[PDB]
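Read through the structure below, which is laid out as structure tokens, and then see the notes.
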Amino acid sequence: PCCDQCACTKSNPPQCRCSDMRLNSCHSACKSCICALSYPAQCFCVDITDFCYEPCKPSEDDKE
Amino acid sequence: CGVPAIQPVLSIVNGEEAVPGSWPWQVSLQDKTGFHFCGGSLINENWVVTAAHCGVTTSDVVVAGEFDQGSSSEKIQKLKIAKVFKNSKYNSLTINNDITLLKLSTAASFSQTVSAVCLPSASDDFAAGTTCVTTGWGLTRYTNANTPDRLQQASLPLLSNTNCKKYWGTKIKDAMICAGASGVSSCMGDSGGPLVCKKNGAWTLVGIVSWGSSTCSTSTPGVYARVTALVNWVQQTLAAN
């Protein structure tokens, strides 16, 4: 499970939702998932876990 | 507007088929391949209102007068889209102000199966608990791989935003109205279509199917773009165009 793109509200622990949109459904880890009911659905996790998850897109900053 | 030539009979998940043609403002938004991805509502001969997140372009087609998308006997109007007016204040991360207007390149011919839903005034009040109706060709069951050929309908109650926030909290904005959680749910492919309540004999567009349960749970409400909060922009868009 990952998140490229969180955003956080004025607390600390900062309440960070993941903003990532996935078509059709959310990844298995998400515990509350909403969708804009087009077809294919446009789906978001509204969970509050983190602190932001793992980025999805690999790192790219070690070779040089 | 709002008075179907074929009267709807009321006894989408756990809905029922519509009386054919009984919702003559319901349109289907279909891509180049003829694939239904979203619904919409005719507000007059030249304009369709729908959801901003549906992503409609002029490559898409407005199909009017359909009931059975698997039947070839209905006189359906396949209408090109001249221009797309996606509300600039649609926030895609919040799904707020979720509305888009479609200006038809050529006018729909109104008939007993094709006509307009009424728009409300920015100040009409649709009380929490009114029984309204939503319609569409979205999934009849969350795991289904295809959408029903025949237009479905469902009766459902409106919710105050405050009660709706008990389900969804700060995701609920003022440009949203909630309905359902009462044994029915709108579902994939319903986005863009109508939520209508029957004002003084006429059905009036109160919501636009917007978002909800990733599983179309019948125990949590659907969310609709609140037409009341966006109809001035709608009327001014038409006035200027």
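Read-outs: derived from the displayed coordinates by stated rules, not from any lab. With ideal geometry, Cβ positions are generated from the backbone for all residues, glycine too; neighbour counts draw on all protein chains shown.
When you go through B:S111, B:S92, B:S123 one by one, which is the residue that is on the phi < 0 side of the Ramachandran plot and touching a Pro at 6+ places or on another chain (Cβ under 9 Å)?
From the options B:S111, B:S92, B:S123, the qualifying one is B:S111.
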message: Test of understanding: among A:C52, A:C43, which residue is part of a loop (DSSP other than H, G, I, E, B) and hydrophobic (A, V, I, L, M, F, W, C)?
response: A:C52
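Might you let me know whether segment B:142-151 holds any residue that is among the hydrophobic types (A, V, I, L, M, F, W, C) and within 13 Å of chain A (Cβ to nearest Cβ)?
The answer is yes, given that some residue of segment B:142-151 is among the hydrophobic types (A, V, I, L, M, F, W, C) and within 13 Å of chain A (Cβ to nearest Cβ).
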field: Tally of residues being touching a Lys or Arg at 6+ places or on another chain (Cβ under 6 Å) and either among the small types (G, A, S) or not in a strand (DSSP E or B) (or both) across segment B:171-226
entry: 2
message: Of everything in segment A:6-18, what is surrounded by fewer than 16 Cβ atoms within 10 Å (Cβ to Cβ) and within 30 Å of B:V56 (Cα to Cα)? Give them in sequence order.
response: A:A7
- request: Just name the residue that is nearest to the other protein chains (Cβ to nearest Cβ) out of those in segment A:6-64 that are over 30 Å from B:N146 (Cβ atoms) and hydroxyl-bearing (S, T, Y).
  value: A:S19
- request: Under 7 Å between Cβ atoms, at least 6 apart or on separate chains: pull out the pairs that start in segment B:200-223 with a residue that is facing another protein chain (nearest Cβ under 8 Å) and end on any residue that is of a type in the set (D, E, K, R).
  value: B:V209/B:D190; B:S210/B:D98
Hits in segment B:22-40 (condition: polar (S, T, N, Q) and outside any loop (DSSP other than H, G, I, E, B)): B:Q26, B:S28, B:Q30
message: Being within 19 Å of B:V84 (Cβ to Cβ) and either touching a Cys at 6+ places or on another chain (Cβ under 6 Å) or of a type outside the set (A, V, I, L, M) (or both) is the filter here; which residues of segment B:97-132 pass it?
response: B:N97, B:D98, B:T100, B:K103, B:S105, B:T106
- request: Can you tell me which residue within segment B:41-55, out of those that are within 14 Å of chain A (Cβ to nearest Cβ) and assigned to a loop (DSSP other than H, G, I, E, B), is surrounded by the most Cβ atoms within 10 Å (Cβ to Cβ)?
  value: B:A51
- line: Taking segment A:45-63 and keeping residues over 18 Å from A:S11 (Cβ atoms) and surrounded by 10 or more Cβ atoms within 10 Å (Cβ to Cβ) leaves A:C45, A:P55, A:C56
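Mind listing just one residue for me: the one in segment B:68-85 that is in contact with a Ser or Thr (Cβ under 8 Å, 6 or more places away or on another chain) and surrounded by 18 or more Cβ atoms within 10 Å (Cβ to Cβ) and, of those, farthest from the other protein chains (Cβ to nearest Cβ)?
Looking at residues that are in contact with a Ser or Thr (Cβ under 8 Å, 6 or more places away or on another chain) and surrounded by 18 or more Cβ atoms within 10 Å (Cβ to Cβ), I get B:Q77.
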